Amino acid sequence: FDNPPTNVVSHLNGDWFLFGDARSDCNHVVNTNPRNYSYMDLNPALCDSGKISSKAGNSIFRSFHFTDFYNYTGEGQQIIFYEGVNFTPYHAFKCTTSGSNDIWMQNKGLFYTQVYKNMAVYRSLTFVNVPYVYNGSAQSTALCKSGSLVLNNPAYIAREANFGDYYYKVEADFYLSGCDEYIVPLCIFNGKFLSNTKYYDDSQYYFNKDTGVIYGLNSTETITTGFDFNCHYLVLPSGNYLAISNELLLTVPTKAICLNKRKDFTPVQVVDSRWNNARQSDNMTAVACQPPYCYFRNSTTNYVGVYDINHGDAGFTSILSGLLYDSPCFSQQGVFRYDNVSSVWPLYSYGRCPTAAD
């Protein structure tokens, strides 16, 4: 008898949910010709399960920030993630041509940190639009963009006619409702921002009108180039808020991650989402995935897909294969198929776990 920790994602019972991308997007097949499921790492037998929310070409972070939006939606006791690759150093995203992808990688890590931590204590994740009211005559403006990627959360509001510089103070009202908690971005350009001969230091506050909490960020960088849009990811309660800009452009949330249905602490499972080695990936989801709230799974091999080089890999297919059955014990080291005896002590475990005793 053998009960080793196994390198899979699985589930204790039927109460689970997976968020993903093309590699687990059953619907994508309609856009293959001829129709072919080999682009998937997920087993197509799971296509009717109702336990998957995935979109080819997307990721939760990508949908959070950009106009390229998929309404990821799901509920379960155990949450599993196999997405992230659709925002990587490969995309070379920066708000401006003299920006920094490293900043955006930092943003990515901070975002997934909050997602993973919160999905260990909430059953349900979806996206909600955040309504806001701005009183001026200025409209929103797409200041942050690169190729096909256009930032739309937070929104930037243009300067009013009457102002000749960016030293002004303006505000908008944004209202959070419908969820137990909300993940929203609070961001600034952290750097010396040149506009019409003057260098600015972006400043943005959010204010909960009823709790009275102020969350703010002021620019502190002294560099005049190679800077970008630094974001923090706030986990906020329902309420009515002001977004108060003290310098540069007013920014306000337009989308939130909607967290609902508090649950007993249940660690999430995260699968490394990367490209074939020919493309630059990042380890930000690994950084974000820590005990006790998350188990991280990765293959030992290069991603080499059979459909194309970036889709349908033996290693990741193996990892996802655990979704085809129930497993009793989840641990840092892997999943144990039996709940009785093992040769190693499971670490940070969840479920019915074996003893490594005599």
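Start at 1 and count along the sequence shown; that's the residue number.
Colleague: Taking the recorded C-alpha temperature factors, which stretch has the higher mean, 214-222 or 159-167?
Modeller: Higher mean C-alpha B-factor in the PDB entry: 159-167.
Colleague: Which has the higher mean CA temperature factor in the PDB entry, 133-141 or 201-209?
Modeller: Per the deposited B-factors, the answer is 133-141.
Colleague: Based on the deposited C-alpha B factors for this chain, I'd like to know if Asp21 is in the lowest, middle or highest third.
Modeller: Lowest third of the chain for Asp21's C-alpha B-factor.
Colleague: By its CA B factor, does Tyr325 count among the lowest, middle or highest third of the modelled residues in the chain?
Modeller: Middle third - that is where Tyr325 ends up once the chain's C-alpha B-factors are sorted.
Colleague: If you rank every modelled residue in this chain by C-alpha B factor, which third holds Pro267: lowest, middle or highest?
Modeller: Lowest third.
Colleague: Taking the entry's C-alpha B-factors for this chain, is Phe69 in the lowest, middle or highest third?
Modeller: Its C-alpha B-factor, which the entry lists for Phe69, ranks in the middle third among residues of this chain.
Colleague: What third of its chain's C-alpha B-factors does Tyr307 belong to: lowest, middle or highest?
Modeller: According to the entry, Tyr307 has a C-alpha B-factor in the chain's highest third.
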